[PDB]
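These notes are about the structure you will find just below.
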Amino acid sequence: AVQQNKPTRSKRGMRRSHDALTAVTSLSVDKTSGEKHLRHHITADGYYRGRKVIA
Amino acid sequence: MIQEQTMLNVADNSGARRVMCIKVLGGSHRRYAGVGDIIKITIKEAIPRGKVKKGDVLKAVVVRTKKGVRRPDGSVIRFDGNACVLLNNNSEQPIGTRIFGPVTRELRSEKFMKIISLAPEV
Amino acid sequence: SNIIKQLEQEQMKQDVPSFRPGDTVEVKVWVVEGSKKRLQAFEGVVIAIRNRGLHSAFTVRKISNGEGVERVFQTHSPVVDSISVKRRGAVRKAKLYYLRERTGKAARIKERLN
Amino acid sequence: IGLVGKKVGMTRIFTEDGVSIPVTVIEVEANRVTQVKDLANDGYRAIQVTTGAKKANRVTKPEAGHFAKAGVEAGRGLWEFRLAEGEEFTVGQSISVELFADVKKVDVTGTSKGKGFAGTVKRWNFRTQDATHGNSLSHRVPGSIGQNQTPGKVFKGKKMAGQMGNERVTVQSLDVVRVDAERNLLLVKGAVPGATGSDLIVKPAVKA
Amino acid sequence: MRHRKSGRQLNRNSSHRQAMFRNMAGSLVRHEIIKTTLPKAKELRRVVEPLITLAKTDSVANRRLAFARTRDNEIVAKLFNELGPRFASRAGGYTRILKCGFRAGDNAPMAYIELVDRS
RNA sequence: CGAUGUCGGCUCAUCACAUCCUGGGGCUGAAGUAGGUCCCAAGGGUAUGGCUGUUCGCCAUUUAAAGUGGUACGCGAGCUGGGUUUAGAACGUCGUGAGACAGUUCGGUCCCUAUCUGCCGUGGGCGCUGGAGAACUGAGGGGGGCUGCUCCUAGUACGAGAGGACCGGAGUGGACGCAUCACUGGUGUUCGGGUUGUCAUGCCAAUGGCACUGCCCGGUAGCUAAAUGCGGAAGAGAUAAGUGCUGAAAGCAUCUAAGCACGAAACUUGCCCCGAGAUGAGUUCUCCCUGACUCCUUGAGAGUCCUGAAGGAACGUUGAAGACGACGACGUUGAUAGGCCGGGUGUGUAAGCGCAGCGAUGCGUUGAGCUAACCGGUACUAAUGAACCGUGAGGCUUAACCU
RNA sequence: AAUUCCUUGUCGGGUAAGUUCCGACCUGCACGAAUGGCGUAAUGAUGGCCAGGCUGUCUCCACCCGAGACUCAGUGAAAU
RNA sequence: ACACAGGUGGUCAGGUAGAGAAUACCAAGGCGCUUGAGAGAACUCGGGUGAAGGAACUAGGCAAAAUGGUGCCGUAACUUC
RNA sequence: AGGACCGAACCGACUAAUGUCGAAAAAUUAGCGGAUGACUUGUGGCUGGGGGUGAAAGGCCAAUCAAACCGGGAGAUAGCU
Ligand SMILES: [K+]
Ligand SMILES: [K+]
Ligand SMILES: [Mg+2]
Ligand SMILES: [Mg+2]
Ligand SMILES: [Mg+2]
Ligand SMILES: [Mg+2]
Ligand SMILES: [Mg+2]
Ligand SMILES: [Mg+2]
Ligand SMILES: [Mg+2]
Ligand SMILES: [Mg+2]
Ligand SMILES: [Mg+2]
Ligand SMILES: [Mg+2]
Ligand SMILES: [Mg+2]
Ligand SMILES: [Mg+2]
Ligand SMILES: [Mg+2]
Ligand SMILES: [Mg+2]
Ligand SMILES: [Mg+2]
Ligand SMILES: [Mg+2]
Ligand SMILES: [Mg+2]
Ligand SMILES: [Mg+2]
Ligand SMILES: [Mg+2]
Ligand SMILES: [Mg+2]
Ligand SMILES: [Mg+2]
Ligand SMILES: [Mg+2]
Ligand SMILES: [Mg+2]
Ligand SMILES: [Mg+2]
Ligand SMILES: [Mg+2]
Ligand SMILES: [Mg+2]
Ligand SMILES: [Mg+2]
Ligand SMILES: [Mg+2]
Ligand SMILES: [Mg+2]
Ligand SMILES: [Mg+2]
Ligand SMILES: [Mg+2]
Ligand SMILES: [Mg+2]
Ligand SMILES: [Mg+2]
Ligand SMILES: [Mg+2]
Ligand SMILES: [Mg+2]
Ligand SMILES: [Mg+2]
Ligand SMILES: [Mg+2]
Ligand SMILES: [Mg+2]
Ligand SMILES: [Mg+2]
Ligand SMILES: [Mg+2]
Ligand SMILES: [Mg+2]
Ligand SMILES: [Mg+2]
Ligand SMILES: [Mg+2]
Ligand SMILES: [Mg+2]
Ligand SMILES: [Mg+2]
Ligand SMILES: [Mg+2]
Ligand SMILES: [Mg+2]
Ligand SMILES: [Mg+2]
Ligand SMILES: [Mg+2]
Ligand SMILES: [Mg+2]
Ligand SMILES: [Mg+2]
Ligand SMILES: [Mg+2]
Ligand SMILES: [Mg+2]
Ligand SMILES: [Mg+2]
Ligand SMILES: [Mg+2]
Ligand SMILES: [Mg+2]
Ligand SMILES: [Mg+2]
Ligand SMILES: [Mg+2]
Ligand SMILES: [Mg+2]
Ligand SMILES: [Mg+2]
Ligand SMILES: [Mg+2]
Ligand SMILES: [Mg+2]
Ligand SMILES: [Mg+2]
Ligand SMILES: [Mg+2]
Ligand SMILES: [Mg+2]
Ligand SMILES: [Mg+2]
Ligand SMILES: [Mg+2]
Ligand SMILES: [Mg+2]
Ligand SMILES: [Mg+2]
Ligand SMILES: [Mg+2]
Ligand SMILES: [Mg+2]
Ligand SMILES: [Mg+2]
Ligand SMILES: [Mg+2]
Ligand SMILES: [Mg+2]
Ligand SMILES: [Mg+2]
Ligand SMILES: [Mg+2]
Ligand SMILES: [Mg+2]
Ligand SMILES: [Mg+2]
Ligand SMILES: [Mg+2]
Ligand SMILES: [Mg+2]
Ligand SMILES: [Mg+2]
Ligand SMILES: [Mg+2]
Ligand SMILES: [Mg+2]
Ligand SMILES: [Mg+2]
Ligand SMILES: [Mg+2]
Ligand SMILES: [Mg+2]
Ligand SMILES: [Mg+2]
Ligand SMILES: [Mg+2]
Ligand SMILES: [Mg+2]
Ligand SMILES: [Mg+2]
Ligand SMILES: [Mg+2]
Ligand SMILES: [Mg+2]
Ligand SMILES: [Mg+2]
Ligand SMILES: [Mg+2]
Ligand SMILES: [Mg+2]
Ligand SMILES: [Mg+2]
Ligand SMILES: [Mg+2]
Ligand SMILES: [Mg+2]
Ligand SMILES: [Mg+2]
Ligand SMILES: [Mg+2]
Ligand SMILES: [Mg+2]
Ligand SMILES: [Mg+2]
Ligand SMILES: [Mg+2]
Ligand SMILES: [Mg+2]
Ligand SMILES: [Mg+2]
Ligand SMILES: [Mg+2]
Ligand SMILES: [Mg+2]
Ligand SMILES: [Mg+2]
Ligand SMILES: [Mg+2]
Ligand SMILES: [Mg+2]
Ligand SMILES: [Mg+2]
Ligand SMILES: [Mg+2]
Ligand SMILES: [Mg+2]
Ligand SMILES: [Mg+2]
Ligand SMILES: [Mg+2]
Ligand SMILES: [Mg+2]
Ligand SMILES: [Mg+2]
Ligand SMILES: [Mg+2]
Ligand SMILES: [Mg+2]
Ligand SMILES: [Mg+2]
Ligand SMILES: [Mg+2]
Ligand SMILES: [Mg+2]
Ligand SMILES: [Mg+2]
Ligand SMILES: [Mg+2]
Ligand SMILES: [Mg+2]
Ligand SMILES: [Mg+2]
Ligand SMILES: [Mg+2]
Ligand SMILES: [Mg+2]
Ligand SMILES: [Mg+2]
Ligand SMILES: [Mg+2]
Ligand SMILES: [Mg+2]
Ligand SMILES: [Mg+2]
Ligand SMILES: [Mg+2]
């Protein structure tokens, strides 16, 4: 319960260091269409591993 | 698995009908007694004529337990009534000349050989 | 697994009589009194059976002199000599633990005769 | 010396007289000696052993080479055992379970079953506070954790909540029942650490 | 701690959990394709595939089981008539899971679940 | 005094030694059994109940023992609120009275999501000087250390008798701890069955919903204790009190001043765990990398193209791993999960049809059907070709020797 | 004794054991007769005590089902 | 003070079970309560079950558990009958 | 017949837990008492500050009571911080 006296810009920085969320840096390329997507996910148009499996 | 405040039907014909356990002997902080362990008994309900009158502190031996007794072969004997035989404090050996109901093998240990001779089964 | 099943199936005796619950069964048992090797009997109703191969067991209830005495035998132990069935009863439950509460007239059970 | 072996559950043995003894079944395949560490090179005499089997692809070149030095198949994992001065072993030598045919009591060492984040009641056998009788939001909590302004702190090695299990433990002087040569088994009495499939460093009992 | 312990809870009380799968089976069997969350879809394999296998042996009691589960005559009619004979050679794995990004409103990993046919 | 919450109980402890037990000793008004007091010894252990708000105390029954203290008369941002100190009310007493009394009596809101230190866990970062994967060593740190009863020696020594050992050896208990699920049980709203009320699937039959899982009865896997295993060590070294052995100063005597030997649960090891961030960043093994060029404050200089391996990450399938990270297994050259198949287990003779009976209901096909987490097989489904990170022989000064 | 300080008075009952309770004794510190005294059936969310039944209150905790806690996305305080 | 688990007078009164405007399940009709999605640690909250014992808990059986309907047989001290 | 009995609506508030920067400046959940009367409730009246009202607690009189609230004397007075 409650702080004795306030932390600093520094400490508040030190804490936030780990909040930096990682990028993907791992985009797939669908074999037929050549579109980029998340690994093991379908493409936005509607492909997965060079086969249409969605309307 | 008899312990402090446990009420027991009495196996012998001494006089007591219901007997309450007040303490488990043989080691400090000891929780329970079973099989053929010694307990300290007070008598909460006696018959009129009997050898042992009501409210008498004396020792006893557990003979039957509802939780029961294990044997070497991974096999158990459960009863349907916790019970004991009364004893004479410092003297030992039972009061009652006849014993009702069965008793276990593991009670067989020299000092209680009197109980097994007088008992009907096991 | 095969490693356990090799060890279990070895030790199990290949001559058990197939009994059901609610059957009145005399079970002959070995007892040792130092150098002696006595055969006790123990007649009673089979309240429950447990099948697990080598670890199988069954509970027998008897109401001998005075009070009830529920005994649990490990079926494939050497201590159990023979399991002789007498009457076989028509009950329609696996476990008959309701026989703990009942005694005398309520405790008795119908025979199969199938 | 000692042998690495996978745990394969528990069963029991009915001894001919009567007694049913509970036994852990430890499969102990041929422990192949990879590397003989010596006082000349390392500064201590010992042997490095392995067992089981990896796939020729899941294994990494660093270890695929390491085995090729010895001239054996790539066993899954690696362990190291201390020699007893007078003993001496060779590289690329199989050790069967027949070491334990002589000895009676053994130590089994394996990783215990992980319970995760256990409370003080479970982990340290702390007594639970009164389940009723006015109690407010504090049944299974640890109570006090120190004194007052004297130490003004919590002492080190305080019994608090945290991780329980998933840690290496030894159970000592377990009696061996049977030592099977044909199927490479070892039947120790009682229960040993770790779940079925966990590895066990079995070795002769130190407390002679 | 859930060692060896199967079955997703999905933040729902049992009686509810058992219903939503009963709905989702009826949803999947009729349309032959669904978008739902990746866990829901993974747990949905354990409800729908049994009903497909039960439908192979075209008998009365099997209709009465396929009606004890599911609770719809329509779905029962689409089973046994179509999905009974259509899945005969195929011995298991009647449904297919395909991840389709994230549900915009709450960043939940969506997934297409559909029967292995589409023809 | 711009608040440091006051007794007692619970939980959790920790230290001291002025030691209650256990251990080692001297003297004894010590025959032995048991004591008495004193010395050394803090490793471990050190009741449950009745009465009272109690601390304490008394009592009952145990125990090897039921130690004395410190720690804000330890511990209320950990719990309680019986007591003492708010407002109500009464008795006794005091007061003309309002009211008053460590006099008694009945009733009387206990707030706080943790910034920092600390502590228990658990990661990320960089470092450890070419990079990577392993396996160790062990500085150091922690855990553990309790003990009864029963026999054997032996009814032996001792003792006129009664009673009755030391020193060693074996078995079996209690308490505490560690592990584990084979057994014994618990649990098991995810398995099977019975059944009450009522709605629904057109209705009969059969199912399902809802009533705390509607109520119940059994129960697989898991977890688990009351269940079953194992543990405290023996041994060495250096010691305390104490016991000694030779031996002057003091032609003797003395355990000591030189010298030499025993001597306890304490101390240091032995047993177990963490452990090289042990920056003093240790070792052994294996793996991986050997191409040009101008510019020049010719500097462990910086770039240009060519090259990016070992390995790793991520993503996926996931786990007896797990809050999240992490940790382990598996990714088609594949049993990692799901399914399916065959068991196993569990529940107890499904459904429909036929016969019996007026009907409820019974009987036959029938130990049937249905069976979650279980075991063994089987690629049917899902674990993707690749992209991403990670480079191109490793500074100097000395030293020991092959060209 | 809703009154008693000395006090846990003494004796009896109840309990293995009862500073509470019930009965009695009078030594009423400091009851007492409409600021009423002593009885009193019925009544009390009333005070004290005991006995049955029943129980996770406890020995001694175990497992399970839901809501939070924990991770992801969106919003976003407070005392200090 | 809020789209705030609270306060607010009168009227209408379906079905099956039921003594009933209690309760359960439904009708007519109206809603699913304006953050979700995962995981399935400690701990907290509301619950379920529990071997053996059964108040040993505690200031105190507080809290839980238990009893529970209808018809009939029977029902003590004491009593102001 | 009844300030009778059990028991919903309605009225109350005995115990416990929850909540205690709450859902809420007094509530929720599970039980609890009264429930044809000294009952309860709507609408509208009357009683006003040393005054009211009070089956009496110094209770209540607009979240305020051993003397309300608003404005004024008024910049009260303060040997005190
Ligand atoms: K049938
Ligand atoms: K003035
Ligand atoms: Mg400050
Ligand atoms: Mg500051
Ligand atoms: Mg900082
Ligand atoms: Mg785990
Ligand atoms: Mg406790
Ligand atoms: Mg309270
Ligand atoms: Mg609570
Ligand atoms: Mg809390
Ligand atoms: Mg708290
Ligand atoms: Mg699984
Ligand atoms: Mg949620
Ligand atoms: Mg329901
Ligand atoms: Mg079928
Ligand atoms: Mg089939
Ligand atoms: Mg069904
Ligand atoms: Mg201050
Ligand atoms: Mg205190
Ligand atoms: Mg001393
Ligand atoms: Mg030591
Ligand atoms: Mg005491
Ligand atoms: Mg303080
Ligand atoms: Mg002091
Ligand atoms: Mg204090
Ligand atoms: Mg305190
Ligand atoms: Mg504090
Ligand atoms: Mg109080
Ligand atoms: Mg109170
Ligand atoms: Mg009080
Ligand atoms: Mg008081
Ligand atoms: Mg009260
Ligand atoms: Mg608090
Ligand atoms: Mg140490
Ligand atoms: Mg000892
Ligand atoms: Mg069971
Ligand atoms: Mg159950
Ligand atoms: Mg079911
Ligand atoms: Mg099912
Ligand atoms: Mg039945
Ligand atoms: Mg109907
Ligand atoms: Mg209809
Ligand atoms: Mg009908
Ligand atoms: Mg409905
Ligand atoms: Mg409902
Ligand atoms: Mg309801
Ligand atoms: Mg309910
Ligand atoms: Mg409900
Ligand atoms: Mg209930
Ligand atoms: Mg139920
Ligand atoms: Mg169900
Ligand atoms: Mg049902
Ligand atoms: Mg009922
Ligand atoms: Mg009920
Ligand atoms: Mg001399
Ligand atoms: Mg010792
Ligand atoms: Mg599979
Ligand atoms: Mg077969
Ligand atoms: Mg078969
Ligand atoms: Mg079977
Ligand atoms: Mg039939
Ligand atoms: Mg059925
Ligand atoms: Mg039929
Ligand atoms: Mg039939
Ligand atoms: Mg299945
Ligand atoms: Mg199923
Ligand atoms: Mg399976
Ligand atoms: Mg398998
Ligand atoms: Mg008495
Ligand atoms: Mg007395
Ligand atoms: Mg009196
Ligand atoms: Mg008197
Ligand atoms: Mg006189
Ligand atoms: Mg007078
Ligand atoms: Mg008076
Ligand atoms: Mg009076
Ligand atoms: Mg007068
Ligand atoms: Mg007067
Ligand atoms: Mg007068
Ligand atoms: Mg009077
Ligand atoms: Mg009077
Ligand atoms: Mg009177
Ligand atoms: Mg009276
Ligand atoms: Mg009277
Ligand atoms: Mg009253
Ligand atoms: Mg009192
Ligand atoms: Mg009492
Ligand atoms: Mg009682
Ligand atoms: Mg957030
Ligand atoms: Mg602010
Ligand atoms: Mg809203
Ligand atoms: Mg609301
Ligand atoms: Mg209808
Ligand atoms: Mg109605
Ligand atoms: Mg209603
Ligand atoms: Mg309708
Ligand atoms: Mg309609
Ligand atoms: Mg409608
Ligand atoms: Mg509306
Ligand atoms: Mg509305
Ligand atoms: Mg809402
Ligand atoms: Mg939970
Ligand atoms: Mg709970
Ligand atoms: Mg319950
Ligand atoms: Mg039940
Ligand atoms: Mg129960
Ligand atoms: Mg119980
Ligand atoms: Mg049961
Ligand atoms: Mg029971
Ligand atoms: Mg008590
Ligand atoms: Mg107590
Ligand atoms: Mg009270
Ligand atoms: Mg109560
Ligand atoms: Mg309960
Ligand atoms: Mg119960
Ligand atoms: Mg209840
Ligand atoms: Mg119940
Ligand atoms: Mg009748
Ligand atoms: Mg009335
Ligand atoms: Mg009621
Ligand atoms: Mg009122
Ligand atoms: Mg809260
Ligand atoms: Mg109710
Ligand atoms: Mg009411
Ligand atoms: Mg009532
Ligand atoms: Mg009344
Ligand atoms: Mg009015
Ligand atoms: Mg007017
Ligand atoms: Mg009034
Ligand atoms: Mg007053
Ligand atoms: Mg006031
Ligand atoms: Mg005034
Ligand atoms: Mg004023
Ligand atoms: Mg002023
Ligand atoms: Mg003034």
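Residue numbers (the deposited numbering), protein chains in the order written: chain 0, 1 to 55; chain K, 1 to 122; chain P, 1 to 114; chain D, 2 to 209; chain N, 1 to 119. Note that beta-carbon positions come from the ideal geometry of N, C-alpha and C, so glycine has one too.
Can you tell me whether residue i is buried or exposed, with buried defined as 16 or more other CB within 10 angstroms of its CB?
| i | result |
| --- | --- |
| residue 82 (chain K) | buried |
| residue 65 (chain K) | buried |
| residue 18 (chain D) | exposed |
| residue 11 (chain N) | exposed |
| residue 74 (chain P) | buried |
| residue 97 (chain N) | exposed |
Taking only the alpha-carbon atoms, compute the straight-line gap between residue i and residue j and give it to the nearest angstrom.
| i | j | result |
| --- | --- | --- |
| residue 131 (chain D) | residue 121 (chain D) | 15 Å |
| residue 40 (chain 0) | residue 110 (chain N) | 12 Å |
| residue 136 (chain D) | residue 160 (chain D) | 23 Å |
| residue 58 (chain P) | residue 43 (chain P) | 13 Å |
For residue i versus residue j, is the C-beta spacing smaller than 7 Å?
| i | j | result |
| --- | --- | --- |
| residue 19 (chain K) | residue 38 (chain K) | no |
| residue 185 (chain D) | residue 30 (chain D) | yes |
| residue 101 (chain D) | residue 177 (chain D) | yes |
| residue 76 (chain K) | residue 106 (chain K) | no |
| residue 66 (chain P) | residue 101 (chain K) | yes |
Worksheet item: If you measure beta-carbon to beta-carbon, which residues of the stretch 97–108 of chain N are closer than 7 Å to chain 0?
Response: 98, 99, 100, 101
Worksheet item: Using a beta-carbon distance cut-off of less than 9 Å, what residues from the stretch 65–87 of chain K approach chain P?
Response: 68, 71, 72, 73, 74, 75, 76, 77, 78, 79, 80, 81, 83
Worksheet entry | Residues surrounding ligand 10 [beta-carbon distance to nearest heavy atom under 7 Å] | 138 (chain D), 139 (chain D), 142 (chain D)
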